[PDB]
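A single chain, nothing else alongside it, follows as structure tokens in the form deposited without the named molecule.
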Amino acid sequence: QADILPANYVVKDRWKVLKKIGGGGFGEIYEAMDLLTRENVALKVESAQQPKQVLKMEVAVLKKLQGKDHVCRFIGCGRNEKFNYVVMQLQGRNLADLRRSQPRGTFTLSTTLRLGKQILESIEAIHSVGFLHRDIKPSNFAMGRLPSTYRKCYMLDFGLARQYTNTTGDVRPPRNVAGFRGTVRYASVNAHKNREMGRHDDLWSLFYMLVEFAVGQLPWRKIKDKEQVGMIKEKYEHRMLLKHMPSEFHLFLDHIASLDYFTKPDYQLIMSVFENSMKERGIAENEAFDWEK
């Protein structure tokens, strides 16, 4: 109905809103200027009157992940009468926009495999601190916007994230039904069947992304009905998806198909598939990205 923060509004006498860059549902994201440090920042705001409060745990997750790569630096957070906010490091173009920018809407295996390695490190990272992301998709990963960071992929929105552990590190018992409230294009069949998601379901999203990066489409690309996408995925011969993909990816598929809610994944196996695939084709970490020149 209206922006929570209007343009040139200033938060806690430090962060001057510039423009709206995201939001619409369950909160808003702003580009803002840090009047102290003089750099532009990501300012996420939730209405304090809002019923469902995700920004609390976003901060929680974002705080446990400080000191790991592929995670935005935590600047500030605060509560007040009209809104809650978090202040973050600003990142660059997300992978969804970067894939649409390419002709054929595809990435060379050079880029696809190197993105896979970074995305997998950060999926292991969030798992390492007892949280599922549960919204793994290209628009939730961005390249840095600095000389130090322009070749680093960052994991972005922790608003659908869930704690699968406790302090002791025991796995939390699943719900018989947990309703899937997310983008269905990269959803695993478990998510589609409204079962408690696991670490595997984040790797299912990783799998489906890397296919769409290399092939340029998924068989269910057109369909906008949630039920139909799930029934197509439930029956589809996933081997087909690998027809034009490195043969090592068959290892990736067979492993994730074996896992259930409780089984910790082999993150090193999946990482090997990418390393080995690059190894065979003489791809190296110093090689340019399709959007560079």
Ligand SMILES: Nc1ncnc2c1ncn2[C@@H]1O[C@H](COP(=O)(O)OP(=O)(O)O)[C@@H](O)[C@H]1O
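For every residue, the number given is its place in the sequence shown, counted from 1. In this text, rigid core is short for the largest set of C-alphas that superpose within 1.5 Å between two forms.
Q: Between 124-132 and 168-176, point out the one with the higher average CA B-factor as the PDB entry records it.
A: Between 124-132 and 168-176, it is 168-176.
Q: Please compare 31-39 with 52-60 and name the stretch with the higher mean C-alpha B-factor in the deposited structure.
A: Here the higher of the two C-alpha B-factor means belongs to 52-60.
Q: Of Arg93, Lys222, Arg100, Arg114, which one's C-alpha B factor is largest in the deposited record?
A: The record points to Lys222.
Q: Please pick out which of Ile232, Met245, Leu65, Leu259 has the largest Cα B-factor as recorded in the entry.
A: Of the options given, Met245 has the highest CA B-factor in the PDB entry.
Q: Once the chain's modelled residues are ordered by C-alpha B factor and cut into thirds, is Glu196 in the lowest, middle or highest one?
A: According to the entry, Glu196 has a C-alpha B-factor in the chain's lowest third.
Q: Within this chain's modelled residues, let me know which third the CA B factor of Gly78 belongs to: lowest, middle or highest.
A: Middle third.
Q: Going by what the PDB entry lists, where does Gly182 fall on CA B-factor within its chain: lowest, middle or highest third?
A: CA B-factor rank for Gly182: highest third.
Q: Based on the entry's values, in what third of the chain does the Cα temperature factor of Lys137 lie: lowest, middle or highest?
A: Lowest third - that is where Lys137 ends up once the chain's C-alpha B-factors are sorted.
Q: Ranked by Cα temperature factor within the chain, is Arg145 in the lowest third, the middle third or the highest third?
A: Lowest third of the chain for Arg145's C-alpha B-factor.
There is also a form solved in complex with the named molecule; it is not shown, and the following applies to it.
Q: Here the chain is shown alone; which of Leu259, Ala42, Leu241, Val229 has a heavy atom within 4.5 Å of the named molecule in the deposited complex?
A: Looking at the other structure, the residue within range turns out to be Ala42.
Q: Of these, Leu115, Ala125, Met88, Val211, which has a heavy atom no more than 4.5 Å from the named molecule in the deposited complex?
A: If I apply the 4.5 Å criterion carefully, the residue I get is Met88.
Q: Check whether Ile21 has any heavy atom within 4.5 Å of a heavy atom of the named molecule in the deposited complex, and answer yes or no.
A: Close contact exists here: in the deposited complex, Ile21 approaches the named molecule to within 4.5 Å, heavy atoms only.
Q: Classify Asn94 as contacting or not contacting the named molecule in the deposited complex by the rule of any non-hydrogen atom within 4.5 angstroms, answering yes or no.
A: Yes - in the deposited complex, heavy atoms of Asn94 and the named molecule come within 4.5 Å of each other.
Q: Can you work out whether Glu196 and the named molecule are in contact in the deposited complex, taking contact to mean some heavy atom pair no more than 4.5 Å apart?
A: Judged by the heavy-atom cut-off of 4.5 Å, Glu196 is well away from the named molecule in the deposited complex.
Q: Could you confirm whether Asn84 comes within 4.5 Å of the named molecule in the deposited complex, counting heavy atoms only?
A: Taking the distances in the deposited complex, the answer for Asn84 is no, it never comes within 4.5 Å of the named molecule.
Q: Using a 4.5 Å heavy atom cut-off, are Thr106, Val184 and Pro219 all in contact with the named molecule in the deposited complex?
A: No, none of the three is in contact.
Q: Which single stretch, out of 156-164, 198-206, 211-219, 115-123, brings residue heavy atoms within 4.5 Å of the named molecule in the deposited complex?
A: Partner-contacting stretch among the options: 156-164.
Q: Which single residue of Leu251, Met231, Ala257, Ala48, after superposing the core, moves its CA by 2 Å or more between this form and the one not shown?
A: Going through each option, the one that shifts is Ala48.
Q: Examine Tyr267 after superposing the rigid core and state whether its CA is displaced by 2 Å or more between this form and the one not shown.
A: It does not reach a 2 Å shift.
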